[PDB]
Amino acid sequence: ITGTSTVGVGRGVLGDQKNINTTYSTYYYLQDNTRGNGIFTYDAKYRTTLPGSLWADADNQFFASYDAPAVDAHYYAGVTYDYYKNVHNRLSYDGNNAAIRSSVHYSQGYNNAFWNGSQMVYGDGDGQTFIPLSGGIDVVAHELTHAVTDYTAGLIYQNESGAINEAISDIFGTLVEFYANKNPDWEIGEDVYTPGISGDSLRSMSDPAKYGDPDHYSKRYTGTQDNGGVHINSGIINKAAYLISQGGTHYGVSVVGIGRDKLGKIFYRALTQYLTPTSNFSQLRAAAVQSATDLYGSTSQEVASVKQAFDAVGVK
């Protein structure tokens, strides 16, 4: 809508209070004019028509329990925008300030979220397996990272290219969680998954095997489920990125960690400068080595750790 930029206040899925950028025009809308061409949050009203209605609120106060998923989708979209702009000098997902659109209250008891090619979509979960998915900053950032990938490398969502696509979303989702500095970790989805069980998550980057995912190329899934294992084989690459950042010894191969900033820089360069829609794991290694070489020089510790990490996970 056209209106004037306002600042509302509300409570997210995890019960924390935060301010959100809104727009006033009769009602207050979840329309943040402060970032690029705007961040817009919609209500899908438990249906699957998309995007649904731009979120309207009479008083600019968002403390209703129905409000919470909207608050977080909107607020964490804003955090993710800020991450990409400040850390990578990337303006929104297309690098030209495209509007970021999210819908919440998608369907009934929907245990997932996704990027649909145009916007983000968040289920409310069924209350057992998931609580509303936009509650997890890593989830929000994972989904929006898919938009970044679509605009850059364009990795096809199947087999090895699809597992890289997934890993990219887990890596940057995690890097956004660290950037925001609320209870950051190398796990995925821990804030919204199984409210009945503490300490668990959907996937682990530091130890993929925790959740049944492979941590070495030799253990790759080769069947047809899950588009050829895109959320399974991502563990191989997630492990490599974890090792590059944090370091460690994995099946006797030792990796000197170089830290998150350098991980982010190397992978962002690889994504934007080298990968292609059909890149496979070996091509990713080449891209990451070449990116590290570009940034730090062929004889650097950074290049050496990239090579060691891909060695440790069996990617030649």
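In this text, residue numbers run from 1 along the sequence as written.
Look at the mean CA B-factor for 72 to 80 and for 148 to 156 in the entry; the higher one is 148 to 156. Of the two segments examined, 133 to 141 and 196 to 204, it is 196 to 204 that shows the higher average Cα temperature factor in the deposited entry. Going by the entry's values, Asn96 shows the largest Cα B-factor out of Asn165, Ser107, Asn96, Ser102. Among all modelled residues in its chain, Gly297 ranks in the highest third by Cα B-factor. In the deposited entry, the Cα temperature factor of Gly189 sits in the bottom third of values across the chain's modelled residues. Among all modelled residues in this chain, the alpha-carbon of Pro214 has a temperature factor (C-alpha) in the middle third.
Sort the modelled residues of the chain by CA B factor and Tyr221 lands in the middle third. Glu177: CA B factor in the middle third of modelled residues in this chain (values from the PDB entry).
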